[PDB]
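Undergrad: entry29.txt (compact mmCIF, C-alpha atoms and all ligand atoms) pasted underneath:
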# COMPACT_ATOMS: atom_id res chain seq x y z
CA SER A 1 -10.90 -17.34 7.48
CA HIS A 2 -7.10 -17.56 7.64
CA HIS A 3 -6.87 -19.45 4.33
CA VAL A 4 -9.13 -17.16 2.31
CA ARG A 5 -7.31 -14.07 1.03
CA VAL A 6 -8.59 -10.73 -0.21
CA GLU A 7 -7.62 -11.57 -3.80
CA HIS A 8 -10.17 -14.41 -3.63
CA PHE A 9 -13.19 -12.18 -3.05
CA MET A 10 -12.25 -8.62 -3.96
CA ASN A 11 -14.14 -6.73 -6.65
CA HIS A 12 -11.98 -6.50 -9.78
CA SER A 13 -14.46 -4.07 -11.33
CA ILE A 14 -12.49 -0.93 -10.53
CA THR A 15 -11.49 1.76 -13.00
CA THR A 16 -8.12 3.35 -12.33
CA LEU A 17 -7.30 6.82 -13.59
CA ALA A 18 -3.67 7.59 -14.35
CA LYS A 19 -1.85 10.89 -14.45
CA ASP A 20 -1.28 10.28 -18.17
CA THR A 21 -4.82 9.11 -18.99
CA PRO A 22 -6.06 11.14 -22.00
CA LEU A 23 -8.72 13.66 -20.98
CA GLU A 24 -11.11 12.17 -23.54
CA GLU A 25 -10.83 8.82 -21.76
CA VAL A 26 -11.29 10.46 -18.36
CA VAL A 27 -14.57 11.98 -19.55
CA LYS A 28 -15.75 8.59 -20.83
CA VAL A 29 -14.90 6.95 -17.50
CA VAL A 30 -16.64 9.59 -15.38
CA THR A 31 -19.81 9.60 -17.49
CA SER A 32 -20.02 5.80 -17.55
CA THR A 33 -19.45 5.07 -13.86
CA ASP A 34 -21.17 6.09 -10.62
CA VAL A 35 -18.50 5.30 -8.03
CA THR A 36 -17.81 7.95 -5.40
CA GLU A 37 -14.06 7.89 -6.01
CA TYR A 38 -11.34 6.51 -8.29
CA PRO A 39 -7.90 5.18 -7.47
CA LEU A 40 -5.24 7.41 -9.01
CA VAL A 41 -2.19 5.63 -10.42
CA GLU A 42 1.20 7.01 -11.47
CA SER A 43 0.93 5.93 -15.10
CA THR A 44 -1.19 3.73 -17.31
CA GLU A 45 1.77 1.38 -17.68
CA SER A 46 2.69 1.00 -13.99
CA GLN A 47 -0.75 1.18 -12.37
CA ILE A 48 1.05 2.13 -9.14
CA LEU A 49 -1.44 3.59 -6.65
CA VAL A 50 -0.52 7.15 -5.65
CA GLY A 51 -3.77 8.72 -4.49
CA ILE A 52 -7.54 8.93 -4.76
CA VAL A 53 -9.73 11.34 -6.71
CA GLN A 54 -13.36 11.94 -5.79
CA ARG A 55 -15.81 11.83 -8.69
CA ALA A 56 -17.64 14.97 -7.56
CA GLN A 57 -14.38 16.91 -7.57
CA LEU A 58 -13.32 15.55 -10.96
CA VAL A 59 -16.74 16.33 -12.45
CA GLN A 60 -16.56 19.92 -11.20
CA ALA A 61 -13.08 20.35 -12.69
CA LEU A 62 -14.22 18.97 -16.05
CA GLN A 63 -17.29 21.22 -16.15
CA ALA A 64 -15.11 24.27 -15.48
CA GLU A 65 -12.37 23.39 -17.97
CA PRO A 66 -13.91 21.15 -20.66
CA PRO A 67 -11.43 19.02 -22.66
CA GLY A 68 -4.36 19.69 -31.80
CA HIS A 69 -4.07 20.26 -28.06
CA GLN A 70 -4.17 16.90 -26.30
CA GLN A 71 -4.58 16.96 -22.53
CA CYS A 72 -4.29 14.34 -19.79
CA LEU A 73 -5.55 13.95 -16.22
CA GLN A 74 -2.37 15.46 -14.75
CA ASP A 75 -3.22 18.71 -16.55
CA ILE A 76 -6.50 18.91 -14.63
CA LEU A 77 -4.84 18.01 -11.33
CA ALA A 78 -2.17 20.66 -11.87
CA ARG A 79 -4.98 23.11 -12.59
CA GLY A 80 -6.45 22.66 -9.13
CA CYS A 81 -8.56 19.50 -8.97
CA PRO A 82 -8.38 18.21 -5.36
CA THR A 83 -6.91 14.77 -4.74
CA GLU A 84 -6.88 12.69 -1.57
CA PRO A 85 -4.01 10.78 0.01
CA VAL A 86 -4.03 7.01 0.47
CA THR A 87 -3.89 6.34 4.22
CA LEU A 88 -5.00 2.69 4.36
CA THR A 89 -5.50 -0.19 1.92
CA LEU A 90 -5.90 -3.95 1.85
CA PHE A 91 -3.44 -6.20 0.01
CA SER A 92 -4.07 -9.18 -2.25
CA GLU A 93 -2.65 -11.51 0.40
CA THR A 94 -4.40 -9.95 3.40
CA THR A 95 -6.53 -12.72 4.91
CA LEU A 96 -10.31 -12.65 5.21
CA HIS A 97 -9.81 -12.82 8.97
CA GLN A 98 -7.55 -9.76 8.92
CA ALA A 99 -9.81 -7.84 6.53
CA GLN A 100 -13.00 -8.46 8.51
CA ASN A 101 -11.32 -7.45 11.76
CA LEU A 102 -9.89 -4.32 10.13
CA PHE A 103 -13.26 -3.22 8.72
CA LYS A 104 -15.13 -3.96 11.94
CA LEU A 105 -12.70 -2.32 14.38
CA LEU A 106 -12.02 0.78 12.28
CA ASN A 107 -15.66 1.04 11.19
CA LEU A 108 -14.77 1.07 7.48
CA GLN A 109 -17.11 0.81 4.50
CA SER A 110 -14.56 0.05 1.80
CA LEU A 111 -10.88 0.03 0.89
CA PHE A 112 -8.84 -0.35 -2.26
CA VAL A 113 -6.58 -3.37 -2.68
CA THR A 114 -2.99 -3.28 -3.90
CA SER A 115 -0.56 -5.95 -5.06
CA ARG A 116 3.10 -5.04 -5.52
CA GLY A 117 1.97 -1.42 -5.27
CA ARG A 118 -0.56 -1.72 -8.12
CA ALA A 119 -4.27 -0.98 -7.64
CA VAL A 120 -6.00 -4.31 -8.33
CA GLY A 121 -9.42 -4.19 -6.70
CA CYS A 122 -11.64 -2.99 -3.90
CA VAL A 123 -13.53 -4.50 -1.00
CA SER A 124 -16.78 -3.38 0.62
CA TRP A 125 -19.08 -5.24 3.00
CA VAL A 126 -20.88 -6.65 -0.04
CA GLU A 127 -17.80 -8.65 -1.05
CA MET A 128 -16.83 -9.40 2.56
CA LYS A 129 -20.26 -10.86 3.39
CA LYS A 130 -20.18 -13.04 0.27
CA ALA A 131 -16.77 -14.46 1.21
CA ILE A 132 -17.87 -15.15 4.78
CA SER A 133 -21.05 -16.83 3.55
CA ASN A 134 -19.06 -19.06 1.18
CA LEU A 135 -17.15 -20.37 4.20
CA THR A 136 -20.13 -22.44 5.33
CA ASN A 137 -22.22 -22.43 2.14
CA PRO A 138 -19.90 -22.53 -0.89
CA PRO A 139 -21.81 -21.66 -4.09
CA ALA A 140 -22.27 -24.25 -6.83
CA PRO A 141 -19.76 -24.18 -9.72
CA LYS A 142 -20.54 -21.62 -12.42
CA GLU A 143 -22.02 -23.00 -15.63
CA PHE A 144 -21.35 -21.91 -19.20
CA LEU A 145 -23.65 -21.47 -22.19
CA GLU A 146 -22.30 -21.65 -25.73
CA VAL A 147 -23.33 -22.28 -29.33
CA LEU A 148 -22.42 -25.94 -29.81
CA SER B 1 -3.25 14.02 16.26
CA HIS B 2 -5.16 14.61 13.02
CA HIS B 3 -2.48 16.96 11.69
CA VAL B 4 0.62 14.94 12.58
CA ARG B 5 1.33 12.34 9.89
CA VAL B 6 3.36 9.12 9.87
CA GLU B 7 6.04 10.70 7.67
CA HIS B 8 6.68 13.15 10.53
CA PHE B 9 7.71 10.50 13.06
CA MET B 10 8.52 7.30 11.19
CA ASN B 11 11.96 5.73 11.40
CA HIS B 12 13.78 6.33 8.09
CA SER B 13 16.60 4.04 9.13
CA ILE B 14 15.39 0.96 7.27
CA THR B 15 17.45 -1.06 4.81
CA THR B 16 15.51 -2.54 1.93
CA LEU B 17 16.64 -5.62 0.03
CA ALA B 18 15.78 -5.79 -3.66
CA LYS B 19 15.31 -8.76 -5.93
CA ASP B 20 18.34 -7.58 -7.90
CA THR B 21 20.53 -6.86 -4.87
CA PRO B 22 23.78 -8.83 -5.31
CA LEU B 23 24.35 -11.47 -2.63
CA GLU B 24 27.60 -9.73 -1.68
CA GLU B 25 25.50 -6.70 -0.73
CA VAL B 26 22.91 -8.86 1.03
CA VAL B 27 25.69 -10.20 3.27
CA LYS B 28 26.84 -6.63 4.03
CA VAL B 29 23.30 -5.64 4.98
CA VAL B 30 22.66 -8.63 7.23
CA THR B 31 26.00 -8.34 9.03
CA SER B 32 25.55 -4.58 9.62
CA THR B 33 21.98 -4.71 10.95
CA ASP B 34 20.11 -6.27 13.87
CA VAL B 35 16.50 -6.37 12.66
CA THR B 36 14.48 -9.59 12.47
CA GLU B 37 13.04 -8.85 9.04
CA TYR B 38 13.61 -6.71 5.95
CA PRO B 39 11.27 -5.08 3.48
CA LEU B 40 11.70 -6.72 0.06
CA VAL B 41 11.42 -4.41 -2.95
CA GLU B 42 10.98 -5.18 -6.65
CA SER B 43 14.21 -3.52 -7.76
CA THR B 44 16.89 -1.26 -6.34
CA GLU B 45 15.72 1.47 -8.71
CA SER B 46 11.98 1.31 -7.97
CA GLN B 47 12.02 0.50 -4.23
CA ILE B 48 8.45 -0.79 -4.66
CA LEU B 49 7.50 -2.92 -1.66
CA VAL B 50 6.60 -6.48 -2.68
CA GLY B 51 7.18 -8.58 0.42
CA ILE B 52 9.15 -9.22 3.59
CA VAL B 53 12.11 -11.53 4.21
CA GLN B 54 13.11 -12.76 7.65
CA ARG B 55 16.72 -12.45 8.82
CA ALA B 56 16.79 -16.06 10.03
CA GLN B 57 15.71 -17.39 6.64
CA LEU B 58 18.24 -15.23 4.80
CA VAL B 59 21.00 -16.51 7.06
CA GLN B 60 19.97 -20.13 6.42
CA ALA B 61 19.93 -19.61 2.65
CA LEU B 62 23.32 -17.88 2.72
CA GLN B 63 24.89 -20.62 4.84
CA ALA B 64 23.67 -23.15 2.27
CA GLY B 65 27.61 -17.64 -14.41
CA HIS B 66 25.50 -14.56 -13.77
CA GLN B 67 26.05 -12.51 -10.62
CA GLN B 68 24.04 -14.16 -7.85
CA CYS B 69 21.40 -11.84 -6.38
CA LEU B 70 18.65 -12.07 -3.80
CA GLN B 71 16.14 -13.32 -6.38
CA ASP B 72 18.42 -16.32 -6.96
CA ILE B 73 18.31 -17.36 -3.29
CA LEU B 74 14.55 -16.81 -3.21
CA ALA B 75 14.23 -19.09 -6.23
CA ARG B 76 16.34 -21.73 -4.48
CA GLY B 77 13.97 -21.89 -1.53
CA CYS B 78 14.37 -18.90 0.76
CA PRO B 79 10.87 -18.22 2.19
CA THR B 80 9.28 -14.81 1.72
CA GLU B 81 6.40 -13.35 3.72
CA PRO B 82 3.48 -11.42 2.28
CA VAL B 83 2.72 -7.80 3.07
CA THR B 84 -0.78 -7.76 4.58
CA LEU B 85 -0.88 -4.33 6.22
CA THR B 86 1.20 -1.15 6.14
CA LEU B 87 1.05 2.49 7.14
CA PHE B 88 1.41 5.27 4.56
CA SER B 89 3.37 8.51 4.67
CA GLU B 90 0.09 10.46 4.87
CA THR B 91 -1.62 8.25 7.45
CA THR B 92 -2.34 10.43 10.49
CA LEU B 93 -1.02 9.86 14.01
CA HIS B 94 -4.64 9.46 15.10
CA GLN B 95 -5.16 6.73 12.49
CA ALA B 96 -1.82 5.05 13.23
CA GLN B 97 -2.54 4.97 16.97
CA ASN B 98 -6.00 3.47 16.50
CA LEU B 99 -4.63 0.89 14.10
CA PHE B 100 -1.87 -0.22 16.48
CA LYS B 101 -4.12 -0.30 19.54
CA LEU B 102 -7.13 -2.06 18.01
CA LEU B 103 -5.11 -4.66 16.09
CA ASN B 104 -2.54 -5.09 18.87
CA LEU B 105 0.40 -4.32 16.58
CA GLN B 106 4.06 -3.75 17.47
CA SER B 107 5.30 -2.38 14.14
CA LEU B 108 4.52 -1.80 10.46
CA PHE B 109 6.45 -0.67 7.40
CA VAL B 110 5.49 2.64 5.76
CA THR B 111 5.00 3.16 2.03
CA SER B 112 4.70 6.26 -0.15
CA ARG B 113 3.57 5.84 -3.76
CA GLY B 114 4.21 2.13 -3.28
CA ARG B 115 7.82 2.64 -2.16
CA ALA B 116 9.17 1.38 1.17
CA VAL B 117 10.18 4.55 3.02
CA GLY B 118 10.25 3.75 6.72
CA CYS B 119 8.83 1.86 9.65
CA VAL B 120 6.91 2.64 12.82
CA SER B 121 6.99 0.85 16.16
CA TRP B 122 5.72 1.95 19.56
CA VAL B 123 9.10 3.64 20.08
CA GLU B 124 8.34 6.17 17.34
CA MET B 125 4.62 6.30 18.15
CA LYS B 126 5.25 7.16 21.81
CA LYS B 127 7.70 9.90 20.86
CA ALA B 128 5.17 11.45 18.48
CA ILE B 129 2.46 11.36 21.14
CA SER B 130 4.84 12.91 23.65
CA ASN B 131 5.77 15.70 21.22
CA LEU B 132 2.11 16.73 20.97
CA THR B 133 2.16 18.26 24.45
CA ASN B 134 5.91 18.63 25.00
CA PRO B 135 7.65 19.37 21.68
CA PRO B 136 11.48 19.31 21.78
CA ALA B 137 13.35 22.58 21.39
CA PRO B 138 14.95 23.14 17.96
CA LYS B 139 18.47 21.70 17.81
CA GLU B 140 21.50 23.82 16.99
CA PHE B 141 23.66 22.90 14.00
CA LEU B 142 26.96 24.11 12.59
CA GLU B 143 27.91 24.74 8.98
CA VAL B 144 31.01 23.05 7.55
CA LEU B 145 33.18 26.04 6.64
CL CL C 1 -19.47 -10.11 8.87
CL CL C 2 -14.42 -16.41 -1.74
CL CL C 3 6.50 14.20 15.60
Translate this structure into structure tokens?
Ligand SMILES: [Cl-]
Ligand SMILES: [Cl-]
Ligand SMILES: [Cl-]

TA:
Amino acid sequence: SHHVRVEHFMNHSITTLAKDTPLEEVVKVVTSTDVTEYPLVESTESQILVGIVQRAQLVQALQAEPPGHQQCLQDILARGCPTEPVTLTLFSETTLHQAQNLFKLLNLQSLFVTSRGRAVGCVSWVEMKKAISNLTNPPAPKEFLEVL
Amino acid sequence: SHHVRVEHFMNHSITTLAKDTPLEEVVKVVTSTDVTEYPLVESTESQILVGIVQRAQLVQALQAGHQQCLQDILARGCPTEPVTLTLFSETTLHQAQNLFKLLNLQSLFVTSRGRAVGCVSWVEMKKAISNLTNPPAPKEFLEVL
């Protein structure tokens, strides 16, 4: 468990929202995902994690002030949409041993993962359990299908 | 302890080393400090935490064209350690305490928006806990007239 790192088993299927993300794109993201929260990044270019926004809060803000006159996420945040601070995260190089101990002892359900400050994934017990299982029962290699 | 945050009691007296920090400056930092490790940041301008470098390894590399910078010594073999856990400016004292106690930690660096901004050890933690019930009196300061 000391050789397996979070980057090996983390879920890459996360959708980051940036302060400069066009409001049209924000609406598309919110109406196409069902996650409870989204990692907020400084800019689309940097992807530097700076906070967390809860979907329920973002939905409420969008319903109140529906999206020429181009707008971005920062406009909605400046308008009053609540954001949450980042107080704990995993890192790409955090070991499976460290991650499991952290989740167990702090009674956590999930955490975002950063690498060089950038939001790169998330880990929940679903991913953790899969990694632990692979320790003794590694899955068979993935197979491909193609039009020969 | 839910209202006191790490940024309130962390030690701001940290010296980061950046990938583009000239070796001349690296020598100045090492010779003027007494810590066993330094937070490594992407660039002097960004201060984005990307790793940790141990004093002993820096010394070894130093004891062994373009202006030579830290990144050059790292490329030549100086080992770097990964960041696997940190505190954040907004982490609460309650959270910090639990983290240190349950994981048996002695210290961690603190980041804010990805930037290295301080460090916390039991020295700072104990002072914060003490201040909860016995806060120090406000200090008096003079203006430079
Ligand atoms: Cl488990
Ligand atoms: Cl794995
Ligand atoms: Cl304090």

Undergrad: Within 12 Å of residue 79 of chain A, counting only C-alpha atoms, which residues show up once you throw out same-chain ones fewer than 3 positions away? Write them as a JSON list (two decimals) with C-alpha atoms, in the frame of the given file, please.

TA:
[["chain", "number", "residue", "atom", "x", "y", "z"],
["A", 58, "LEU", "CA", -13.32, 15.55, -10.96],
["A", 61, "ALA", "CA", -13.08, 20.35, -12.69],
["A", 62, "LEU", "CA", -14.22, 18.97, -16.05],
["A", 64, "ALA", "CA", -15.11, 24.27, -15.48],
["A", 65, "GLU", "CA", -12.37, 23.39, -17.97],
["A", 71, "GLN", "CA", -4.58, 16.96, -22.53],
["A", 72, "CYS", "CA", -4.29, 14.34, -19.79],
["A", 73, "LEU", "CA", -5.55, 13.95, -16.22],
["A", 74, "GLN", "CA", -2.37, 15.46, -14.75],
["A", 75, "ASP", "CA", -3.22, 18.71, -16.55],
["A", 76, "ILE", "CA", -6.50, 18.91, -14.63],
["A", 82, "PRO", "CA", -8.38, 18.21, -5.36],
["A", 83, "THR", "CA", -6.91, 14.77, -4.74]]

Undergrad: Could the residues of chain B within 7 Å of chain A, counting only C-alpha atoms, be given as a count of residues only, please?

TA: 13

Undergrad: Go through the chains and note each residue within 10 Å of ligand CL 3 (chain C), using only C-alpha atoms and all ligand atoms, then give the set as JSON, numbers by chain.

TA: {"B": [1, 4, 5, 6, 7, 8, 9, 10, 93, 124, 125, 126, 127, 128, 129, 130, 131, 132, 135, 136]}

Undergrad: Could the residues of chain A that have an atom at most 7 Å from ligand CL 1 (chain C) be listed as JSON lines, each with its closest atom pair and the distance in Å to one decimal, counting all atoms listed in the file and ordered by chain and ascending residue number?

TA:
{"residue": "A:100", "atom": "CA", "partner": "C:CL1", "partner_atom": "CL", "distance": 6.7}
{"residue": "A:128", "atom": "CA", "partner": "C:CL1", "partner_atom": "CL", "distance": 6.9}
{"residue": "A:129", "atom": "CA", "partner": "C:CL1", "partner_atom": "CL", "distance": 5.6}
{"residue": "A:132", "atom": "CA", "partner": "C:CL1", "partner_atom": "CL", "distance": 6.7}

Undergrad: Counting only C-alpha atoms and all ligand atoms, figure out which residue out of A:30, A:113, A:123, A:96 gets nearest to ligand CL 2 (chain C).

TA: A:96

Undergrad: 10 Å from ligand CL 2 (chain C) is the threshold here; counting all atoms listed in the file, which polymer residues fall inside it? Answer as a PDB file with C-alpha atoms, in the frame of the given file.

TA:
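Okay, this is what ended up in pocket_36.pdb:
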ATOM      1  CA  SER A   1     -10.900 -17.340   7.480  1.00  0.00           C
ATOM      2  CA  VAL A   4      -9.130 -17.160   2.310  1.00  0.00           C
ATOM      3  CA  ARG A   5      -7.310 -14.070   1.030  1.00  0.00           C
ATOM      4  CA  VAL A   6      -8.590 -10.730  -0.210  1.00  0.00           C
ATOM      5  CA  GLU A   7      -7.620 -11.570  -3.800  1.00  0.00           C
ATOM      6  CA  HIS A   8     -10.170 -14.410  -3.630  1.00  0.00           C
ATOM      7  CA  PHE A   9     -13.190 -12.180  -3.050  1.00  0.00           C
ATOM      8  CA  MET A  10     -12.250  -8.620  -3.960  1.00  0.00           C
ATOM      9  CA  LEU A  96     -10.310 -12.650   5.210  1.00  0.00           C
ATOM     10  CA  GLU A 127     -17.800  -8.650  -1.050  1.00  0.00           C
ATOM     11  CA  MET A 128     -16.830  -9.400   2.560  1.00  0.00           C
ATOM     12  CA  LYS A 129     -20.260 -10.860   3.390  1.00  0.00           C
ATOM     13  CA  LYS A 130     -20.180 -13.040   0.270  1.00  0.00           C
ATOM     14  CA  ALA A 131     -16.770 -14.460   1.210  1.00  0.00           C
ATOM     15  CA  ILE A 132     -17.870 -15.150   4.780  1.00  0.00           C
ATOM     16  CA  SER A 133     -21.050 -16.830   3.550  1.00  0.00           C
ATOM     17  CA  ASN A 134     -19.060 -19.060   1.180  1.00  0.00           C
ATOM     18  CA  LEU A 135     -17.150 -20.370   4.200  1.00  0.00           C
ATOM     19  CA  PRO A 138     -19.900 -22.530  -0.890  1.00  0.00           C
ATOM     20  CA  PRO A 139     -21.810 -21.660  -4.090  1.00  0.00           C
TER      21      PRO A 139
END

Undergrad: Would you mind listing what lies within 12 Å of residue 101 of chain B as a ChimeraX atom specification, with all atoms listed in the file counted and same-chain residues fewer than 2 positions away left out?

TA: /A:102,105-106 /B:93-99,103-107,121-122,125

Undergrad: For atom CA of residue 70 of chain B and atom CA of residue 33 of chain B, determine how far apart the two atoms are, in Å to one decimal place.

TA: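 These two atoms are separated by 16.8 Å.
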
Undergrad: Using all atoms listed in the file, pick whichever of B:27, B:40, B:35, B:144 has the shortest atom-to-atom distance to residue 117 of chain B.

TA: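 Answer, going by the shortest atom-to-atom distance: B:40.
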